[PDB]
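For reference, the structure is listed below as structure tokens.
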Amino acid sequence: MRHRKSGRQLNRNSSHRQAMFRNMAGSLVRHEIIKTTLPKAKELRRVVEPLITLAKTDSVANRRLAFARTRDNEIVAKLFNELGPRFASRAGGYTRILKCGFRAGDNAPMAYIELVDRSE
Amino acid sequence: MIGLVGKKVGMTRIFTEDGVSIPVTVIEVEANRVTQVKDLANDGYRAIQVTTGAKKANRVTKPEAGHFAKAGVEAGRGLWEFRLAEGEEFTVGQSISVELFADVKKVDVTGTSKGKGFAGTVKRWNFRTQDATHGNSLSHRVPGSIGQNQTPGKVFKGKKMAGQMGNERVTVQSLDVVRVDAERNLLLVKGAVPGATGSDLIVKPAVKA
Amino acid sequence: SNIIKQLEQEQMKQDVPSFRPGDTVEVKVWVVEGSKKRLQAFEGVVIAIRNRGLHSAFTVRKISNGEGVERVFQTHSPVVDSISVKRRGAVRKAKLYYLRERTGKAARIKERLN
Amino acid sequence: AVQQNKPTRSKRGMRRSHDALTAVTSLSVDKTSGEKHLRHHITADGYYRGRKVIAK
Amino acid sequence: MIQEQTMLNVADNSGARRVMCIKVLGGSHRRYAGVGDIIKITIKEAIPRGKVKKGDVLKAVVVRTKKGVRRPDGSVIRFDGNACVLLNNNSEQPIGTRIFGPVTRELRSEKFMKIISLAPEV
RNA sequence: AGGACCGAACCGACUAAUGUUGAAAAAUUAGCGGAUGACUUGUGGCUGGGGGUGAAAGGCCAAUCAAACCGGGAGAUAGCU
RNA sequence: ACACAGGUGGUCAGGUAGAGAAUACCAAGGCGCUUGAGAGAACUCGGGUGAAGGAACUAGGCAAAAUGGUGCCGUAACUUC
RNA sequence: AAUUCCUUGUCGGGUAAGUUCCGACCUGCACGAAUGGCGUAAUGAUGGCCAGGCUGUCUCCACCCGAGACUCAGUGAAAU
RNA sequence: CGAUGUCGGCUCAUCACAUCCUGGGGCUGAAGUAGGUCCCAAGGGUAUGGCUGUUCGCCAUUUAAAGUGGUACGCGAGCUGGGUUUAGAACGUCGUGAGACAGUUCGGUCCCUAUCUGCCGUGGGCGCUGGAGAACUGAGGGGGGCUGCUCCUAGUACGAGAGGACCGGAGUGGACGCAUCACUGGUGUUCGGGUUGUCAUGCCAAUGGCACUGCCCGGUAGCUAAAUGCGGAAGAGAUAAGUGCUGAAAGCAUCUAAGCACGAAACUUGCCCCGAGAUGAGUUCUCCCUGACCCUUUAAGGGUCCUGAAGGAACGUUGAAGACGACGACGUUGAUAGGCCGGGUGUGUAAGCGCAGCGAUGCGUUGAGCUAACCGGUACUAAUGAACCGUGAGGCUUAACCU
């Protein structure tokens, strides 16, 4: 029963959902656009907007955070290095949500999530 | 008796040197500005309507908007109708003052209880459950049996089963007023009043204590 | 935004020191007797941190002979007179409540001078 | 398991009480794309209300 | 709480080593007793020296309890263990002479000056 | 050294739970009982129905037993439903 | 009988702690378990935590909880020694 | 007494209170000496009994959390 | 007997009254106190253990009180299986034996996938007679009702005396239920910290996976209660029981008959929660609709144009609203859900840096560092419109107004 617990639970066990969204956040900063279900897309803002705000600053020992969540050089050569100046002028606003109707012949609701500086 | 509409904002305790904490429920009262007084033809009984803040009227349908037009389209939380015995009160802007609760200490408060969603088959009746050790099938959390075999062949209306609990319209009639402020609309009453922060409350003077 | 803070002002004490667990302060009270109101002190060590201003329950362990007895004081209450820091301790935990089941070598407190 | 008798023909009508669920009226037109769209969904050109919601 | 089968030590002079609560009774479904409220107690280990013996039922009151005491100004006071005092059955007062350990103000309502007169600071 | 104690392989079932239109006409989990021995196991052979085999239960003998499985006598017989 | 909660003869086996075909995390290496997507309600199947009291419960401390390693100090009634 | 009908036999001990438990009786309507009677230790997935350790067994139940319940789209039963 | 399952254990009713308690009267071999007894009354409330399968009974004790019977001696598509009543084995019993035990014991099985009548909640619809949006009444319906000790009245009444009470007022509690988060506890994988083992990010710091949520310890936000707190009243109508006057039949007498006044924890109310399906729809307020043509005297029906209202359904940001629905807020006439900014926050002195010590490690920088759930701000991100459903003054009758 939701007495005051904010937001969503989101589907799948915590033990999978966590690993999956930490992997998919890597995929989001790698490709700068993601297609998935509407509840998953609406929850891909969660702790990722704060992570863009965190990867923007240059303050000391900031690299301690998300340190086990990003390990590949092909994104670690961009985060904490050059991603920040792309997402600093818009008072947040790092990403937009969009509904993408349903799947073909199937009633699962799809979505699209995009980073606002995507230019590659 | 007149009814003053307000809002629960939390709790404090008033403190004493006597060794009593005196928990108080904190209430903010509305400007109960008055928009109708009955009689002088029609109804046959004397009663009053207060009007309780404002809402977006951009928005608001004509059947309600023609019922507010005598005072502008504000309405807020509602009109709330109560009987007012033999008082010669005017029909608009009469603005009933909360300051009476400094002269009278006994008050009757109505509101809504805890938002629980499910009501609970046990928690509406708080009946002792069947044993959970050594077995029990699908029934560890229900208020006993709703009937018996074999002759009755029915479950009666009025049987203590299921029901509705939480988000109920509930009254408390043993309150004592610790402070009222007419300028700040601030009301303090002894003990716990049903509901949570932001919950709507209505207070009237009590008939006994 | 809520008027509980405007109701804090008329209850909240201003003559109150900064404290952490293992501090010593000597708490004074009027024993809750409504007649002759005698002042009495209580010696012990703080096992409290209050977290906020007015929500200060102020737990103390009496210790006396080296171990024993626990009390909450509610130091913003009109039944309470005063506290003034006699010595300060040192902590690496919020309220240090393990002092109810550890002693000596395992609960030295120290002063740390930092 | 038990059933007293075969259910009445009214009983499917008593379940299926709603016809088409909605007004089911015809789809929306936009001058950015040569094909109709649903209510709040995006055009084939990546637009809504004349504004570019998505690049391509 | 102090209820059926609760084991206590004795906070009185030449008492028994272990005493067990057998009943609180008197209800209206009485559950437990606070400090200073009457209970029925049995002896389980006595160390007989000319006062106490095993296999005997008497009435008692609790003077110290791990659960502590409540009442004034929302305050709570807690202690480290459970201790009892045994009462005379026809002639009033405790069977010994004294009270052990920290004591409490909740025992100040007792009908006799000896037990409310204290070297303990409470 | 070991018809000892621990314990994986293997062997076996004291309890609680699951399953008996169940995945399955015996399988599953969690604590396990044993575990160089009167041990257990891979492979083949020998023993057959009023007879086998059994530290021997109307137990086991391919879901089956106070006589199994298949066929024949057989369209058994029924002062009865 | 099944694209079956299972079974099937031979065979191998490295770090780190350890005597480890114990138990933990991993190498070499494989797999993400054959409808999917929303939801996230009391409740059920099952785990984790619990004030103060404790076997009072129950046919039955049944279950649950705790105990759990090695060496040294130390160690009774009874005994087929 | 794994035996006693009537027997909670009657009694000591164990509990506040004990049909059971522990030790007796000699009254075995009816045990009994290889259809063996008498008896003890490691020990037994052996019945009963006494205590502690630990304990949501119980007192009064609370909170937390997978998988199902709920609602979809696909495939789509049945005893009756 | 072509299936209607047993004993004990227990969560759960409801009717009867030969009434356990209170409520009321009468009598006593009732001085007072305290018991015994009768008829009159049904509202609530009506206790815990030892041995045992125990119902029970005996033993050990409470309470104002711990009453009795009926409901397939209510309660296995309710649970449990100790007891009863077979499958193994034995003691006692019975037989030569196959076998048997209203004697004992170690032991033992408890199956259920809601179709429908039943009930609870949650929506969609119908009716007030055109439609929309609602209110206030109250025909009715439910909930409650039970209680101690003590002080004062009072050592006063009774009564040589000793002993020893009303009504009435007050003090202080027990159970029972309900509501809160100021108080006080538990809990709290979305967060801070202590830590062992190992693995990993090339490497080493550092940070993090896995090992019960690896363990150990805290906790904002939330949940709840043991924590906090509150109550069934008072008044009124009729009436039994019961107290009575006046007064006949029966010159008397008589509470009843006429006449006149009283009165119960039951009844009717009150109180509290629902309430016009009260189709008996009462009464009232706000909003809206003030179109007609053709056809046959046709007042009985039909077709069709002109023209659309009040409002509703729908798409959304989604909640303190939640089973889905619904209800509620908000959709730039914008703070509804987030970010961001400014913060609240619980935790407990980071990482890098430096220095000392043979090193482990410690010390100074370091009131350090880090945060979800709470709050204001900020449009930074997001929140189409047609169409659709719904109209066009709506049956009769009398007095009247205007026409």
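By order of appearance in the structure tokens: chains A, B, ..., then residues from 1 within every chain, and ligands from 1 in the order shown.
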
Near residue 15 (chain F), counting only C-alpha atoms (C1' of nucleotides), which residues have an atom at most 12 Å away, once you skip same-chain residues fewer than 6 positions from it, shown as a PyMOL selection string?
(chain F and resi 30-32) or (chain G and resi 62-63) or (chain H and resi 45)

Same residues, C-alpha atoms (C1' of nucleotides), saved as a PDB file, in the first residue's frame:
```pdb
ATOM      1  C1'   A F  30      15.990 -27.088   4.023  1.00  0.00           C
ATOM      2  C1'   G F  31      18.171 -29.058   8.519  1.00  0.00           C
ATOM      3  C1'   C F  32      20.346 -34.398   7.149  1.00  0.00           C
TER       4        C F  32
ATOM      5  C1'   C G  62       6.989 -29.317  18.100  1.00  0.00           C
ATOM      6  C1'   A G  63       8.839 -25.512  15.380  1.00  0.00           C
TER       7        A G  63
ATOM      8  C1'   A H  45      16.881 -40.273  14.050  1.00  0.00           C
TER       9        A H  45
END
```

Quick one: pick out all alpha helix (DSSP H) residues within chain D from a backbone DSSP run and write them as a ChimeraX atom specification.
/D:10-15

Distance query residue 315 (chain I) at most 10 Å, only C-alpha atoms (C1' of nucleotides), self and fewer than 5 positions along chain excluded, as a list in words:
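Result of the neighbour search: residues 38, 39 and 40 of chain D; 384 of chain I.
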
Can you write out the residues you just picked, keeping N, CA, C and O atoms (P, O5', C5', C4', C3', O3' and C1' of nucleotides), as a PDB file, in the first residue's frame?
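selection.pdb written:
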```pdb
ATOM      1  N   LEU D  38      -2.005   9.909 -34.322  1.00  0.00           N
ATOM      2  CA  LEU D  38      -2.896   9.808 -33.169  1.00  0.00           C
ATOM      3  C   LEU D  38      -2.645  10.952 -32.206  1.00  0.00           C
ATOM      4  O   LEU D  38      -1.491  11.267 -31.941  1.00  0.00           O
ATOM      5  N   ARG D  39      -3.726  11.557 -31.693  1.00  0.00           N
ATOM      6  CA  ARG D  39      -3.822  12.554 -30.630  1.00  0.00           C
ATOM      7  C   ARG D  39      -2.520  13.288 -30.303  1.00  0.00           C
ATOM      8  O   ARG D  39      -2.289  14.384 -30.816  1.00  0.00           O
ATOM      9  N   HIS D  40      -1.680  12.717 -29.448  1.00  0.00           N
ATOM     10  CA  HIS D  40      -0.457  13.338 -28.948  1.00  0.00           C
ATOM     11  C   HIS D  40       0.862  12.730 -29.455  1.00  0.00           C
ATOM     12  O   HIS D  40       1.934  13.186 -29.079  1.00  0.00           O
TER      13      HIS D  40
ATOM     14  P     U I 384      -1.208  19.007 -23.943  1.00  0.00           P
ATOM     15  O5'   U I 384      -2.315  18.034 -24.513  1.00  0.00           O
ATOM     16  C5'   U I 384      -3.560  18.485 -25.020  1.00  0.00           C
ATOM     17  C4'   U I 384      -3.382  19.275 -26.317  1.00  0.00           C
ATOM     18  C3'   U I 384      -4.727  19.768 -26.825  1.00  0.00           C
ATOM     19  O3'   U I 384      -5.237  20.851 -26.099  1.00  0.00           O
ATOM     20  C1'   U I 384      -3.258  19.134 -28.584  1.00  0.00           C
TER      21        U I 384
END
```

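Take CA of residue 68 (chain B) and CA of residue 46 (chain B): the distance between them is 19.9 Å.
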
Quick check, in Å to one decimal: how far apart do CA of residue 62 (chain A) and CA of residue 83 (chain A) lie?
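Between CA of residue 62 (chain A) and CA of residue 83 (chain A) the gap is 14.2 Å.
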
Enumerate as a list in words all residues of chain D assigned to strand (DSSP E or B) by DSSP on the backbone, naming them with the chain letters and numbers the document uses.
residues 28, 37, 47, 48, 51 and 52 of chain D

List every residue of chain C that has an atom at most 7 Å from any atom of chain E, giving for each one its closest atom pair and the distance in Å to one decimal, counting only C-alpha atoms, sorted by chain and then by ascending residue number, as JSON lines.
```
{"residue": "C:68", "atom": "CA", "partner": "E:80", "partner_atom": "CA", "distance": 6.7}
{"residue": "C:69", "atom": "CA", "partner": "E:79", "partner_atom": "CA", "distance": 5.0}
{"residue": "C:70", "atom": "CA", "partner": "E:78", "partner_atom": "CA", "distance": 5.1}
{"residue": "C:71", "atom": "CA", "partner": "E:77", "partner_atom": "CA", "distance": 4.5}
{"residue": "C:72", "atom": "CA", "partner": "E:76", "partner_atom": "CA", "distance": 5.9}
{"residue": "C:73", "atom": "CA", "partner": "E:75", "partner_atom": "CA", "distance": 6.7}
```
